[PDB]
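Enquirer: So that we are looking at the same thing, I have put the structure below in structure tokens.
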Amino acid sequence: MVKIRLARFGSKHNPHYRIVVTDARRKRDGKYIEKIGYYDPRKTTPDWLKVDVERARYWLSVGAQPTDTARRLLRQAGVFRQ
Amino acid sequence: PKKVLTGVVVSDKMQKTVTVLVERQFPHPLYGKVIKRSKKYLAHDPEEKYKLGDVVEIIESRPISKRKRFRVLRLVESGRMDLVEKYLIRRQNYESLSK
Amino acid sequence: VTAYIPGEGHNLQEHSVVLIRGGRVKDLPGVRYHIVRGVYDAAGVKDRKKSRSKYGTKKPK
Amino acid sequence: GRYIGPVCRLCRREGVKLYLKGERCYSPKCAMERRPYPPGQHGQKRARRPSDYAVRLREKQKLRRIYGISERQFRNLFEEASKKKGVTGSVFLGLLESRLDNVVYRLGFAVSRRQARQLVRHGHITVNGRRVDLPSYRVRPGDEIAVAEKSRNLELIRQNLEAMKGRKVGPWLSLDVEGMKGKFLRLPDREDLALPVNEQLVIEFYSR
Amino acid sequence: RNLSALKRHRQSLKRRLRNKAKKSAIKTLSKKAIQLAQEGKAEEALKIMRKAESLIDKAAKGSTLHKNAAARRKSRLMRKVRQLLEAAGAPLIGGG
RNA sequence: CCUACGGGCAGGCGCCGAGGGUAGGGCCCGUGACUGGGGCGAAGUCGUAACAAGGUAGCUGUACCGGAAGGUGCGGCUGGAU
RNA sequence: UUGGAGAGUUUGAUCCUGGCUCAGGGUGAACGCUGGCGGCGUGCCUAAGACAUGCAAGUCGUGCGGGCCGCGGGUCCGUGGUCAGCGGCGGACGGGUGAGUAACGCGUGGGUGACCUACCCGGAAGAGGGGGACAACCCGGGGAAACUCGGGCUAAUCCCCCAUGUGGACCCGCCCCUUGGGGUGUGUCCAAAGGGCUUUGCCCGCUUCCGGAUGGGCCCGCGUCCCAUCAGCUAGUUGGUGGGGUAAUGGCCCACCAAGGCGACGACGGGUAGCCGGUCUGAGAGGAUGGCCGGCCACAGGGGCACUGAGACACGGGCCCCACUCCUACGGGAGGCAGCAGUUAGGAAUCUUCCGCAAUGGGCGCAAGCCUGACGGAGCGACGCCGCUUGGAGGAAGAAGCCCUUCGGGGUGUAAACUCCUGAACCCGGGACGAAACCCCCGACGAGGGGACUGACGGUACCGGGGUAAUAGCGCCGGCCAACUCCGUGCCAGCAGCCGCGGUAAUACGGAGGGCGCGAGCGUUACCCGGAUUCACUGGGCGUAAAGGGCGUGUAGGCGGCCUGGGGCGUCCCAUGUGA
Ligand code: SF4
Ligand SMILES: [Mg+2]
Ligand SMILES: [Mg+2]
Ligand SMILES: [Mg+2]
Ligand SMILES: [Mg+2]
Ligand SMILES: [Mg+2]
Ligand SMILES: [Mg+2]
Ligand SMILES: [Mg+2]
Ligand SMILES: [Mg+2]
Ligand SMILES: [Mg+2]
Ligand SMILES: [Mg+2]
Ligand SMILES: [Mg+2]
Ligand SMILES: [Mg+2]
Ligand SMILES: [Mg+2]
Ligand SMILES: [Mg+2]
Ligand SMILES: [Mg+2]
Ligand SMILES: [Mg+2]
Ligand SMILES: [Mg+2]
Ligand SMILES: [Mg+2]
Ligand SMILES: [Mg+2]
Ligand SMILES: [Mg+2]
Ligand SMILES: [Mg+2]
Ligand SMILES: [Mg+2]
Ligand SMILES: [Mg+2]
Ligand SMILES: [Mg+2]
Ligand SMILES: [Mg+2]
Ligand SMILES: [Mg+2]
Ligand SMILES: [Mg+2]
Ligand SMILES: [Mg+2]
Ligand SMILES: [Mg+2]
Ligand SMILES: [Mg+2]
Ligand SMILES: [Mg+2]
Ligand SMILES: [Mg+2]
Ligand SMILES: [Mg+2]
Ligand SMILES: [Mg+2]
Ligand SMILES: [Mg+2]
Ligand SMILES: [Mg+2]
Ligand SMILES: [Mg+2]
Ligand SMILES: [Mg+2]
Ligand SMILES: [Mg+2]
Ligand SMILES: [Mg+2]
Ligand SMILES: [Mg+2]
Ligand SMILES: [Mg+2]
Ligand SMILES: [Mg+2]
Ligand SMILES: [Mg+2]
Ligand SMILES: [Mg+2]
Ligand SMILES: [Mg+2]
Ligand SMILES: [Mg+2]
Ligand SMILES: [Mg+2]
Ligand SMILES: [Mg+2]
Ligand SMILES: [Mg+2]
Ligand SMILES: [Mg+2]
Ligand SMILES: [Mg+2]
Ligand SMILES: [Mg+2]
Ligand SMILES: [Mg+2]
Ligand SMILES: [Mg+2]
Ligand SMILES: [Mg+2]
Ligand SMILES: [Mg+2]
Ligand SMILES: [Mg+2]
Ligand SMILES: [Mg+2]
Ligand SMILES: [Mg+2]
Ligand SMILES: [Mg+2]
Ligand SMILES: [Mg+2]
Ligand SMILES: [Mg+2]
Ligand SMILES: [Mg+2]
Ligand SMILES: [Mg+2]
Ligand SMILES: [Mg+2]
Ligand SMILES: [Mg+2]
Ligand SMILES: [Mg+2]
Ligand SMILES: [Mg+2]
Ligand SMILES: [Mg+2]
Ligand SMILES: [Mg+2]
Ligand SMILES: [Mg+2]
Ligand SMILES: [Mg+2]
Ligand SMILES: [Mg+2]
Ligand SMILES: [Mg+2]
Ligand SMILES: [Mg+2]
Ligand SMILES: [Mg+2]
Ligand SMILES: [Mg+2]
Ligand SMILES: [Mg+2]
Ligand SMILES: [Mg+2]
Ligand SMILES: [Mg+2]
Ligand SMILES: [Mg+2]
Ligand SMILES: [Mg+2]
Ligand SMILES: [Mg+2]
Ligand SMILES: [Mg+2]
Ligand SMILES: [Mg+2]
Ligand SMILES: [Mg+2]
Ligand SMILES: [Mg+2]
Ligand SMILES: [Mg+2]
Ligand SMILES: [Mg+2]
Ligand SMILES: [Mg+2]
Ligand SMILES: [Mg+2]
Ligand SMILES: [Mg+2]
Ligand SMILES: [Mg+2]
Ligand SMILES: [Mg+2]
Ligand SMILES: [Mg+2]
Ligand SMILES: [Mg+2]
Ligand SMILES: [Mg+2]
Ligand SMILES: [Mg+2]
Ligand SMILES: [Mg+2]
Ligand SMILES: [Mg+2]
Ligand SMILES: [Mg+2]
Ligand SMILES: [Mg+2]
Ligand SMILES: [Mg+2]
Ligand SMILES: [Mg+2]
Ligand SMILES: [Mg+2]
Ligand SMILES: [Mg+2]
Ligand SMILES: [Mg+2]
Ligand SMILES: [Mg+2]
Ligand SMILES: [Mg+2]
Ligand SMILES: [Mg+2]
Ligand SMILES: [Mg+2]
Ligand SMILES: [Mg+2]
Numbered sequence: 001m002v003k004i005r006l007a008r009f010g011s012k013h014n015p016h017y018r019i020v021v022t023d024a025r026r027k028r029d030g031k032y033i034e035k036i037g038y039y040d041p042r043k044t045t046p047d048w049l050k051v052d053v054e055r056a057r058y059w060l061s062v063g064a065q066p067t068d069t070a071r072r073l074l075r076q077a078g079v080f081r082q
Numbered sequence: 002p003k004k005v006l007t008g009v010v011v012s013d014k015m016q017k018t019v020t021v022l023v024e025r026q027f028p029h030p031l032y033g034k035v036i037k038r039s040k041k042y043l044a045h046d047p048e049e050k051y052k053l054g055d056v057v058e059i060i061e062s063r064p065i066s067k068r069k070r071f072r073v074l075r076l077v078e079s080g081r082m083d084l085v086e087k088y089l090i091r092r093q094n095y096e097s098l099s100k
Numbered sequence: 066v067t068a069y070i071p072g073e074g075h076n077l078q079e080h081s082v083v084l085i086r087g088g089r090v091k092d093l094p095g096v097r098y099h100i101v102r103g104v105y106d107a108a109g110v111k112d113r114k115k116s117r118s119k120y121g122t123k124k125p126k
Numbered sequence: 002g003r004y005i006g007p008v009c010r011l012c013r014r015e016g017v018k019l020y021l022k023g024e025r026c027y028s029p030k031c032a033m034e035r036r037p038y039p040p041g042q043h044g045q046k047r048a049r050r051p052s053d054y055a056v057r058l059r060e061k062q063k064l065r066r067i068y069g070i071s072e073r074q075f076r077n078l079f080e081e082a083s084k085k086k087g088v089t090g091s092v093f094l095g096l097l098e099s100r101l102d103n104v105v106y107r108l109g110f111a112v113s114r115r116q117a118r119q120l121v122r123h124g125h126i127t128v129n130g131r132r133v134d135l136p137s138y139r140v141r142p143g144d145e146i147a148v149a150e151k152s153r154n155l156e157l158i159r160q161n162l163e164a165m166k167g168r169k170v171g172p173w174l175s176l177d178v179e180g181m182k183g184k185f186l187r188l189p190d191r192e193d194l195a196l197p198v199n200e201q202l203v204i205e206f207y208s209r
Numbered sequence: 008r009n010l011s012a013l014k015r016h017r018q019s020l021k022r023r024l025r026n027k028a029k030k031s032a033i034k035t036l037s038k039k040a041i042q043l044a045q046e047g048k049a050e051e052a053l054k055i056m057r058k059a060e061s062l063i064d065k066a067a068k069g070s071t072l073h074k075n076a077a078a079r080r081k082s083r084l085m086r087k088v089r090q091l092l093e094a095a096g097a098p099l100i101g102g103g
């Protein structure tokens, strides 16, 4: 399928994910279809998560499936509150 | 779009095919000047209706044969044998360039 | 090829294994490369004090 | 590491008194006051006309030796200036100044920059709260450059702070003395310090 | 020194067999049909032609023939049957 | 042999085919008794052709000659002193 | 308008020309002398030479039937596990390397009415009745092993037939369309698989079809290195008809027909090279370059081939030829590190046979969970950049030693000594972020709320407390170019990037003192750009410096007078898409 997940950027002991819609079989840090927000697990900032919720639902509509730990950072971003 | 080009038929000697000589100007990347380059296309003529002299349009088309990727769009103008002779002599002129 | 042996006095003989580097000797035509002292069977200059890295000579106490 | 060697000779070569020593610099025991001629066996000789190259070297070394800074870190700063907006000398001087260790000695907590580092280093300084033991820290407008509380009560800093009650220091700076805290209010206009150095010349040394 | 990559292979052998088999079958029948319609013999060619068309399409179902192939195999089949019969005529079945 | 029997599988023949072999060519690199000049050295031998009217103005294309630089013919150029 | 420096050297002297040379930046570097720390990078550029051992791709009992062991305990049935098998889906991703390739390979923009797409999503319909095989297992024969042949048994989501036909496929006709696009009428043809629980209902599954999305296949325009001392190339060649083949166009393949296609706008040939995003340099224009990261391509010991499949002509799948290698019981058989480590060879030279699935991501699975040398980290290497250290304040008209000395003194030098202040290291205690999902609860398995588990790195970072004055090296000092004196040597030994130094007063050799430049680094060699307006578009030239063709005639080509009009190709403007 086409998927929705965490493409690590940043650097050693400095994680910094981009949440991306990528082709399931792309490499993790690879060419993505579209960037839709980021995420910093170390939490060291005002906003360590923005999530284009309008987009994230498009992809969700049109088929995409998020990871486990990407579903949450979309729950946490209120993408499911109906 | 399907690329369309404009050129002269310089060879009718194939069956259901003609050679259309497209030209272009484009200024030279470094030296500035506008310069000319031309190219031959094997163009598809299902009705063997185009002739020498015929200045025509051809269109990027689904592949007909190895080397024919264009069908002749429309006649634009007949009788520019003055062109055919341009090319033709250049070709002829080559016999002298051997050793 | 043929290579210059820099420094005062050398322990080089036939069969001595040697490392070379670029750089001629203006005055010896044909010598266009230099032997690196202190590498393989070419030893450094015993007793240099000044500019030693260039003559492969270790530092004295 | 940094320069860490005979330090009087620097002035003696550079021809001017650079106040690298803190206290001694004002006594007539100061190297310069006793011998105002260059280091070594040949200082006493009738010096020859210095080449344009000579000229600009010394002038840079001067400006450098002043902050006792490594040629790299010096160069980078110059480069940081050459990129940056405005007039290069300003920004070079300006940037140079915003180095904590300097900013520590500026607000006087130390007698030498050379001593001010050791402080900055050994953790005895801080900025807007948190401790900062890196001398290269780029101090920026707004910063509160306290003394480490657990260093307020120290002989070496006691002495230094006290000779600072009524000292006027920098149109670009402030000092709640006695509380041992200061403020970086702005990067200097050139006016704001008159270090014995034509910094235009430094630009020119690098543009070679 | 091993795998169930072998397993995956063992199957290929057997699957292969099924394919090749069903595939030749087509050719025999399909062409037998083109044969008849040549010497047509109209009615029969159409009888056979169907038993082809079913097998062609029954391949189509699985991993044997691809869909468009069955389609391809079909188009060319019918055209041959018809145009052959059309040089004598006429059909005693369909289609069509 | 299966039957699923107007069929399938085995199996047989053919095309093409990795390559192998036979023959003959094209290019390129390496090398070779011997050989031709070339650069360099220089501390030698022979003369002194060119730079002065360079001691026969010089240079020249060509041809013939001579230990060597060179010479001479024929024509040309002045980039020749007087 | 954020951008532009030059110098040495042809002479007795000059100006000009012109080459050589240096200072600048750079690197996957390597060599020397020296070497304390930390972080982030980075590290076989050579033999796409050869490789021992291990490890790199599997998983599902919620598809099926069995074997061995065990927990329930009346041959049996349950439950668990475990071993293979049959059946799945994965294995075509991920990882590696740069051999080949001057090509639609790549880049850029486009075409596809000539196309495909597993798992995902949306939606329309649906799953009735039979029938059969093959392993595992049992039985025999072969071997040292690799294993294997024969015979009989049986389940299934394995196979096959009939039925149903929303639908879809195909021939013919017709309407819209206009390359094979969409609709339709007649004929014809094709579907299916069950499993589990809480068992009048869910859920994972299965089937035909439409659309989406996603990844592709194929096609065309423009760009893409050196040699013309490679000038002529071409028989599947170029076009056509018919077929075969494919997902699909196509001489991709075949038969026949025609005589065509290509080339100085450089065909053909030879040489070199994976291409771009970028990178280095440069005032810019340019030049150079493709390591790391990202995108595409190509290969998987050398070759050919196809099988299975949605997709491979498949690195750790198959067949066959070659080459090498091993194994052994001498009969026979086994291998493919350009995966991670690692060995060897080669080389100037490039690392641990580490740790873990905690994260992230991938495969299977309802889930639990299993696998994951992808990956997260750790290890080694000053390889690069960056940060930190070897202390700080005081301290003589100034010790000893050593250097010079006009013999009075000058120098190293506040340097040392010595004084006090701090406190890298080490000791001690505390000790993370990275981890909240999957799950369980309630809600409805949704929204939502609630609870819980889990850390390789790592007892590390860092917080706190106690605490020691604690590594310096290297180049250079004639001019360019910043830094000068003694001694020894005597055209020797040696130096040398260029000019040039040495023939007993050498700032140029060697040591010394002193000095300049950098500093856990400094220097060297190699290469790239720069200086080089020294291939000159920007931005050069040709009387004598290098350079006008011996002169005509002329093909192609480049260029072209005054006026008016059409077109609007160059050119110019705006919008818009693309420029990851
Ligand atoms: S004393 Fe005079 S010379 Fe010595 S350091 Fe202080 S100022 Fe410079
Ligand atoms: Mg055709
Ligand atoms: Mg020996
Ligand atoms: Mg050199
Ligand atoms: Mg030297
Ligand atoms: Mg000052
Ligand atoms: Mg000052
Ligand atoms: Mg000046
Ligand atoms: Mg500026
Ligand atoms: Mg399996
Ligand atoms: Mg048959
Ligand atoms: Mg198939
Ligand atoms: Mg199919
Ligand atoms: Mg057969
Ligand atoms: Mg053959
Ligand atoms: Mg052959
Ligand atoms: Mg053979
Ligand atoms: Mg010879
Ligand atoms: Mg010879
Ligand atoms: Mg003469
Ligand atoms: Mg004479
Ligand atoms: Mg004479
Ligand atoms: Mg003559
Ligand atoms: Mg004689
Ligand atoms: Mg004679
Ligand atoms: Mg004449
Ligand atoms: Mg400008
Ligand atoms: Mg310059
Ligand atoms: Mg000279
Ligand atoms: Mg001269
Ligand atoms: Mg001279
Ligand atoms: Mg010059
Ligand atoms: Mg510069
Ligand atoms: Mg350099
Ligand atoms: Mg080294
Ligand atoms: Mg060492
Ligand atoms: Mg390699
Ligand atoms: Mg080899
Ligand atoms: Mg070998
Ligand atoms: Mg394992
Ligand atoms: Mg299931
Ligand atoms: Mg299990
Ligand atoms: Mg199993
Ligand atoms: Mg594989
Ligand atoms: Mg792969
Ligand atoms: Mg890959
Ligand atoms: Mg390559
Ligand atoms: Mg080629
Ligand atoms: Mg192209
Ligand atoms: Mg393209
Ligand atoms: Mg059944
Ligand atoms: Mg049964
Ligand atoms: Mg049916
Ligand atoms: Mg055709
Ligand atoms: Mg295929
Ligand atoms: Mg062909
Ligand atoms: Mg043929
Ligand atoms: Mg062309
Ligand atoms: Mg050319
Ligand atoms: Mg090659
Ligand atoms: Mg290559
Ligand atoms: Mg330039
Ligand atoms: Mg240039
Ligand atoms: Mg390249
Ligand atoms: Mg490289
Ligand atoms: Mg790459
Ligand atoms: Mg190959
Ligand atoms: Mg190999
Ligand atoms: Mg092979
Ligand atoms: Mg192969
Ligand atoms: Mg499959
Ligand atoms: Mg293979
Ligand atoms: Mg492949
Ligand atoms: Mg392998
Ligand atoms: Mg073996
Ligand atoms: Mg045996
Ligand atoms: Mg065998
Ligand atoms: Mg092996
Ligand atoms: Mg190794
Ligand atoms: Mg080795
Ligand atoms: Mg070796
Ligand atoms: Mg590594
Ligand atoms: Mg995991
Ligand atoms: Mg996971
Ligand atoms: Mg799943
Ligand atoms: Mg495993
Ligand atoms: Mg492991
Ligand atoms: Mg790693
Ligand atoms: Mg005194
Ligand atoms: Mg003194
Ligand atoms: Mg003394
Ligand atoms: Mg004295
Ligand atoms: Mg001191
Ligand atoms: Mg945590
Ligand atoms: Mg130096
Ligand atoms: Mg310099
Ligand atoms: Mg000087
Ligand atoms: Mg001697
Ligand atoms: Mg002397
Ligand atoms: Mg020197
Ligand atoms: Mg000397
Ligand atoms: Mg450093
Ligand atoms: Mg270096
Ligand atoms: Mg250069
Ligand atoms: Mg020009
Ligand atoms: Mg010139
Ligand atoms: Mg003339
Ligand atoms: Mg003329
Ligand atoms: Mg003309
Ligand atoms: Mg014209
Ligand atoms: Mg005009
Ligand atoms: Mg006009
Ligand atoms: Mg226009
Ligand atoms: Mg644009």
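Residue numbers (the authors' numbering), protein chains in the order written: chain 1p, 1 to 82; chain 1q, 2 to 100; chain 1l, 66 to 126; chain 1d, 2 to 209; chain 1t, 8 to 103. Ideal Cβ placement from N, Cα and C applies to all residues, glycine included.
#1: What does the alpha-carbon distance come out to for the pair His123 (chain 1d) and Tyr68 (chain 1d)?
#2: Have a look at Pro2 (chain 1q), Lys17 (chain 1q), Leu22 (chain 1q) and flag the residue whose alpha-carbon is nearest the alpha-carbon of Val11 (chain 1q).
#3: Quick one: using the 10 Å Cβ neighbour count with 16 as the cut-off for buried, is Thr69 (chain 1p) buried or exposed?
#4: Pull up the distance between the alpha-carbon of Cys12 (chain 1d) and that of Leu19 (chain 1d), whole angstroms please.
#5: Beta-carbon within less than 8 Å of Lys34 (chain 1q)'s beta-carbon, same chain only, minus the 5 sequence neighbours each way: which residues are those?
#6: Kindly confirm or deny that the region 99-106 of chain 1l and the region 32-49 of chain 1d touch, where touching means at least three C-beta pairs closer than 8 Å.
#7: Buried or exposed for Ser19 (chain 1t), going by 16 or more other Cβ atoms inside 10 Å?
#8: Would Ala77 (chain 1t) and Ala66 (chain 1t) qualify as a contact pair, given that the criterion is a beta-carbon distance under 8 Å?
#9: Can you tell me the Cα-Cα spacing of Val9 (chain 1q) and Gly69 (chain 1t), whole angstroms?
#10: Taking only three categories from DSSP, how would you classify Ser19 (chain 1t)?
#11: Grouping DSSP H, G and I as helix and E and B as strand, with all else coil, what is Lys169 (chain 1d)?
Expert: On the basis of the supplied data:
#1: Counting from 1 along the fourth sequence, the entry for residue 123 (chain 1d) is found at position 122. Counting from 1 along the fourth sequence, the entry for residue 68 (chain 1d) is found at position 67. Each residue's alpha carbon lies about 19 Å from the other.
#2: Working through the second sequence from its first residue, we reach residue 11 (chain 1q) at position 10. Looking at the Cα atoms, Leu22 (chain 1q) is the closest of the given residues.
#3: In the first sequence, the residue the question calls residue 69 (chain 1p) occupies position 69. Exposed, by the Cβ-count rule.
#4: Start at 1 with the first residue of the fourth sequence, and residue 12 (chain 1d) comes out as number 11. Start at 1 with the first residue of the fourth sequence, and residue 19 (chain 1d) comes out as number 18. Counting only the Cα atoms, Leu19 (chain 1d) lies some 6 Å from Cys12 (chain 1d).
#5: Walking along the second sequence from the start, residue 34 (chain 1q) turns up at place 33. These residues qualify, in order along the chain: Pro28.
#6: no
#7: Your numbering for residue 19 (chain 1t) matches position 12 in the fifth sequence. Counting Cβ neighbours within 10 Å, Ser19 (chain 1t) comes out exposed, since fewer than 16 surround it.
#8: What you label residue 77 (chain 1t) is simply residue 70 of the fifth sequence in a count that begins at 1. What you label residue 66 (chain 1t) is simply residue 59 of the fifth sequence in a count that begins at 1. In contact: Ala77 (chain 1t) and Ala66 (chain 1t) (Cβ atoms closer than 8 Å).
#9: Here residue 9 (chain 1q) refers to the residue found at position 8 of the second sequence. Here residue 69 (chain 1t) refers to the residue found at position 62 of the fifth sequence. Their Cα atoms are separated by approximately 52 Å.
#10: In the fifth sequence, counting from the first residue as 1, residue 19 (chain 1t) sits at position 12. Helix.
#11: Here residue 169 (chain 1d) refers to the residue found at position 168 of the fourth sequence. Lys169 (chain 1d): coil per DSSP, three-state reduction.
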